[PDB]
Structures are given as structure tokens and as C-alpha cells.
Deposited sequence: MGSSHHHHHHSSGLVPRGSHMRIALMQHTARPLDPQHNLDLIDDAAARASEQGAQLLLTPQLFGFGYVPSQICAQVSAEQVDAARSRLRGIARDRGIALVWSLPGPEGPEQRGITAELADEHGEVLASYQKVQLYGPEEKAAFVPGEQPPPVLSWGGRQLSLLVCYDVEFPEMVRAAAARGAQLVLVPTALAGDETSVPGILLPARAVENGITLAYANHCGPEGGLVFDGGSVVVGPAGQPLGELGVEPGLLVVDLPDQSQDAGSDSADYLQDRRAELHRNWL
């Protein structure tokens, strides 16, 4: 009863009309295939160029891209998860992920807690709030962004609040096979949840993104996967760690 899509593509740095036109095209193709939600990659709208987003992308330009993405969700009739800089000035915003429903209503907004490397840490403010968890489509959805999912604590924070399906815009480059190969399957099994991971692919902003977008089910197995080329992955989704964990002790030992 739930069919999701993941958009894997290459963005052009600082060209939102080009990158959002790719998202519009993917949303229309996902909807034609009966997908009910489209997940898109981290910072796709402006490309994964942290220092140049900080230097050249204004709050007004981010708000115009956000309005365009709400319009795509409404006009293509499909829920949409995107990732842009946050709405504040360039010196105060983070990296965010948002979910709009097929009506264009923004159901949830999350600010990336675990920034990756010095360029992100200079260009963005880290989030301070736990991942949101909300009902959509018959299950509890949640959002995280790229490096967050590599911390078991961030996925456990979502699953502790009831998450069953964690959606992760990503921008993973450098042939980092261990993230989708080793960490994502453990995040699924150690919580009993499904995770969807939508990456860039190909050369962008001086990096070569890995592609490898994937949906991993609760037994850690891929339900669908892409390679290194652009694509639109469409997947039909079908003792106990969460109860047994001694959280009152663990919280004191981190």
C-alpha cells in the first residue's frame, strides 16, 4: 500500500532553475508510475557546494526555490522530500530537509544535526532538535540528512519517537562504500525500520558523487538500488531492540 520514488541525479552548482526543473521532471515521472512520495538529494536545488552557498546564495533565493518545490509537490500531486539551506540569513541557517504532502502543505522541517567536515561547519549552523516523526501514508515517517544516518544515535532518536520509515537526502562522494554497504543495513536491522537514501551521482562541484541510492528494509536487505548513473528508483514497500535497550543506562555512558 505504499510506493515511493527516489531521484538520483547530478546538480549544477548555483543553478536552481536547472536543478529544480530536474526535480519537477522526476516528480511527474514518479507520479505517472503511481509513486506517492518522491525523495530528493541533499542540497540538490543549489548543488552540493557549501562554501559557495554561504558566499552567494541569499535568503530570498532560498525562499524562491522552497516556493517552487512546494508548487511541484502540489502540481505533480506527490509528496516531496527536499533539502535546501534553511530559511534564515546565510550566517544563521543550517542544512534542512522538508516534507510536503501532495497538497503542498509542509508537514515537517528538520535541520541537520551532524554537519560533515569543516566546509559545512563554516557554511551552516547545526540543528539542535531531534528528527521529526509523523504519520503519512499509513506509517510513521522521519527525516535525517546524510552524515546524520551514520550515527546510530540519530536513527535511534527517530525510532524511539516511533519512526518506521526514515527518508534521507544525501550527497555522498569519494566511493564511500561503507555507508550504504555496512552502516545503512545495520541502522535498519538494529531498529527494525526501513530507510531510503537518495544521493547525487557523477561529477558536481569538484566531487564525484557515488550514486548508489537505495531503500533498505528491516532485515537490512536492499528493496531497490541504483548504480552510478542518473535514475528514478521506484519501490513498493511491504527480544526486541527498541524495548530491550537499557536507555537509562546508555544515556549516561555516551
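Enumerate the deposited-sequence segments absent from the coordinates, judged by C-alpha atoms, in order of position.
According to the record, the gaps fall at 1-19, 258-267.
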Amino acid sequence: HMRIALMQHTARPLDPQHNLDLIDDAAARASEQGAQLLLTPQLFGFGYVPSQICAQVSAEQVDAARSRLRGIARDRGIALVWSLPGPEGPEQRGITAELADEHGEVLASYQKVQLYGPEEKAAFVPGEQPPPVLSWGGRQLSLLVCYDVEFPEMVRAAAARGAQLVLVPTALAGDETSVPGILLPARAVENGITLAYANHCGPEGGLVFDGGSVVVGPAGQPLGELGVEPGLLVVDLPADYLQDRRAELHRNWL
From here on, numbers count along this sequence of modelled residues.
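Tell me which of 174-182 and 110-118 has the higher mean C-alpha B-factor in the deposited entry.
Between 174-182 and 110-118, it is 174-182.
Which is higher on mean Cα B factor in this entry, 151-159 or 97-105?
According to the entry, 97-105 carries the higher average C-alpha B-factor.
From 38, 195, 55, 198, pick the one with the largest CA B-factor in the entry?
Largest recorded C-alpha B-factor: 55.
Per the PDB entry, which option out of 214, 228, 65, 27 has the greatest Cα B factor?
Comparing C-alpha B-factors across 214, 228, 65, 27, the maximum falls on 228.
Split into thirds by Cα B-factor across the chain's modelled residues, where does residue 142 land: lowest, middle or highest?
Bottom third by C-alpha B-factor.
State the tercile, meaning the lowest, middle or highest third, of residue 86 with respect to the CA B-factors recorded for its chain.
Tercile = middle for this residue's CA B-factor.
How does the C-alpha B factor of residue 204 compare with the rest of the chain: lowest, middle or highest third?
Tercile = highest for this residue's CA B-factor.
Can you tell me which third, lowest, middle or highest, the CA B-factor of residue 60 falls into for its chain?
Its C-alpha B-factor belongs to the highest third of this chain's values.
In terms of the chain's CA B-factor thirds, is residue 169 lowest, middle or highest?
Lowest third, going by the recorded CA B-factors of the chain.
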